[PDB]
Amino acid sequence: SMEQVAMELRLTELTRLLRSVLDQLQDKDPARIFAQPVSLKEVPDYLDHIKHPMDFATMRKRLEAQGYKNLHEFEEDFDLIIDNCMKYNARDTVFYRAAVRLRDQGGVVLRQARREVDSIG
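When you line the sequence shown up against this note's numbering, it's residues 4 to 124, in that order.
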């Protein structure tokens, strides 16, 4: 149906805008602390602590399969990256501090993305 097409075009356009959001969030992580999954070979206990691991590579796979239906879904995954790191790592660590900075800087970006998603539809 043409209706099914039109819905697909909207998903595609949301995917475009989410890719640009994702690029801009990832630039706020020049250290690449959140670029890849935590390795279960190097933190064998990770899954006893963290139930839903997340990282920018995993978000990017989902994005390219058009797996985010709305901005809320995408934000949930971004928040997992931050929130998981702030639980596993202590306050005095380069990891926790990197998550706080990514959260603060990412807030700015997400605030305008929400306006753009509402604005364009």
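Where is the CB? At the ideal position from N, CA and C, for every residue including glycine.
Quick one: Cα of residue i to Cα of residue j, how far?
i, j, result
"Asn92", "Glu11", "40 Å"
"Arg114", "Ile36", "23 Å"
"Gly109", "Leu28", "6 Å"
"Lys64", "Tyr71", "11 Å"
"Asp80", "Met62", "7 Å"
"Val8", "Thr18", "15 Å"
"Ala34", "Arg104", "12 Å"
"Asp86", "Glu6", "38 Å"
"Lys31", "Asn73", "22 Å"
"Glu16", "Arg94", "39 Å"
Would you mind giving the Cβ-Cβ distance between residue i and residue j, rounded to the nearest angstrom? I have them listed as a contact below 8 Å.
i, j, result
"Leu66", "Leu25", "6 Å"
"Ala102", "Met89", "5 Å"
"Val120", "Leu20", "7 Å"
Leaving out five residues on either side along the sequence, give the residues of the same chain with a beta carbon under 8 Å from the beta carbon of residue i.
i, result
"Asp58", "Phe37, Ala38, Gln39, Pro40, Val41, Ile84"
"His55", "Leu83, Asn87"
Go ahead and pull the three-state DSSP assignment for residue i.
i, result
"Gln69", "coil"
"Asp82", "helix"
"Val120", "helix"
"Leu43", "coil"
"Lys64", "helix"
"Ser4", "coil"
"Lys90", "helix"
Among residues of its own chain, excluding the 5 on either side of residue i, which ones have a beta-carbon nearer than 7 Å to its beta-carbon?
i, result
"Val112", "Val24, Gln27, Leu28"
Less than 8 Å between the CB of residue i and some heavy atom of the ligand SAH, yes or no?
i, result
"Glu45", "The ligand SAH is absent from the structure shown, which contains no ligand whatsoever."
Once the 5 residues before and after residue i are set aside, which same chain residues still bring their CB inside 6 Å of it?
i, result
"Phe77", "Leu21, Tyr71"
"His52", "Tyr91"
Could you say if the stretch 46-63 and the stretch 95-102 meet the contact criterion of at least three C-beta pairs nearer than 8 Å? no
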